[PDB]
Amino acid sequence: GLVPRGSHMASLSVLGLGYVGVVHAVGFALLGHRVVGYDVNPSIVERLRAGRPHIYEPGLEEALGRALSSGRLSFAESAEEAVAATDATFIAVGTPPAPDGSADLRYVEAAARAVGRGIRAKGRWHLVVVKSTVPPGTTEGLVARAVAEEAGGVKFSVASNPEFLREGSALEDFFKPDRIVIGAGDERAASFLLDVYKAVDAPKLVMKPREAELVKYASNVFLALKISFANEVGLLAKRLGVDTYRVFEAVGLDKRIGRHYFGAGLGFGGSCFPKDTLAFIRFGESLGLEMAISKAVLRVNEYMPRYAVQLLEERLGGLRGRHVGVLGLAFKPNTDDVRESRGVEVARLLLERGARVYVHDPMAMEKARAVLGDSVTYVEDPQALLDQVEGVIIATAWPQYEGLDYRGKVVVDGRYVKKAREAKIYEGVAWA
């Protein structure tokens, strides 16, 4: 119902406007806060000011137009000005893999220094909140230090507040999160973020900054582990002539086991799970730990796309000169994102084996071309792609794929499409 009197409107900035940053910036404005965003790329800022998302995310264009109409969302000309105009800054810049697989923290360090400069100009207390996925210790270590080194002696507080948004449903996960984790460096940080999130109906857990940072890796690596476990069990089910999805239907009814994320197939792609899992392994190894399960998780994941190509190659009797399609290039359905896409990886493996490769995706073909260029043929109609190839690998289960005519084709199914069983030869990547 009604808003209680004296219910404070917070002034928040967000640095880094990938899907995490732009969904928080828009969402906080729609929750009732004044938000100032900034990104290193001026064309992102220009597009966002115009109400035109630079990335595809269901419902974002309308949430953005609503946040802009409220007058509560704006964008700054520099990181420092966004910071100086607000009381807390969410750092949401990327943490891509470094060359040795550890987390690359240079983007977070530059954003923290910008925060320190804005604080110095503001002259009063500010909260620095790390939304970026960063190894435990980064918030009170690197970020607090980089901020202090620029802040000219102005006092501030830090907090880790990890994010759990999934691409494809980020706005819903923003408004209805399963839980909010606040790793506050002090009481004033904790009370400020509990205020920021007061309108969100979800459990709020306040803990140390290190614990909150570890929650994020433990969560993402455990999801990756369910997927790789389903694939390990699936290789076995496939040898037994059994349906791995029916097995995990029964496994998931146990009240101790989550029924989701046992979707065996080509494995996980996207810009999070592969690189967070690798960062987690490298971080543990830097402390002398073996990380044996987490490494196994990645070994299975890296194997699956090679196995899918080996199945196709065995069924066709070699791939050189053969006409082969890949259905699906986005890293999952309903995005145009190809980062770490298993479909792209499968196309490359096919190419490296002398196949003539055709690809389709309902959304990601422009992004995939950015990566594959003219090395493949891009087909606009997925049926037309099937009609042209001898063999096909299904790499993303777009709903339109369920209705295609696979009859007479050799199909290596990497995502479980029930209709594909009608094929002349059906090979499940991790099931019979």
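Numbering starts at 1 and runs along the sequence shown.
Higher mean CA temperature factor between 127-135 and 78-86: 78-86, per the PDB entry. Remark: stretch with higher mean C-alpha B factor among 336-344 and 90-98 is 336-344.
As recorded in the PDB entry, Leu319 shows the highest C-alpha B-factor of the residues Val215, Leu319, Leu205, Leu105. Which of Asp276, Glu313, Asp254, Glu211 has the largest Cα B-factor in the deposited entry comes down to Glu313. In the PDB entry, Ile119 places in the middle third of its chain by CA B-factor.
Looking at the C-alpha B-factors along this chain, the one for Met9 belongs to the highest third. Among all modelled residues in this chain, the alpha-carbon of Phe156 has a temperature factor (C-alpha) in the middle third. In the deposited entry, the Cα temperature factor of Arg415 sits in the middle third of values across the chain's modelled residues. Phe174 sits in the middle third of its chain by CA B factor, as recorded in the PDB entry.
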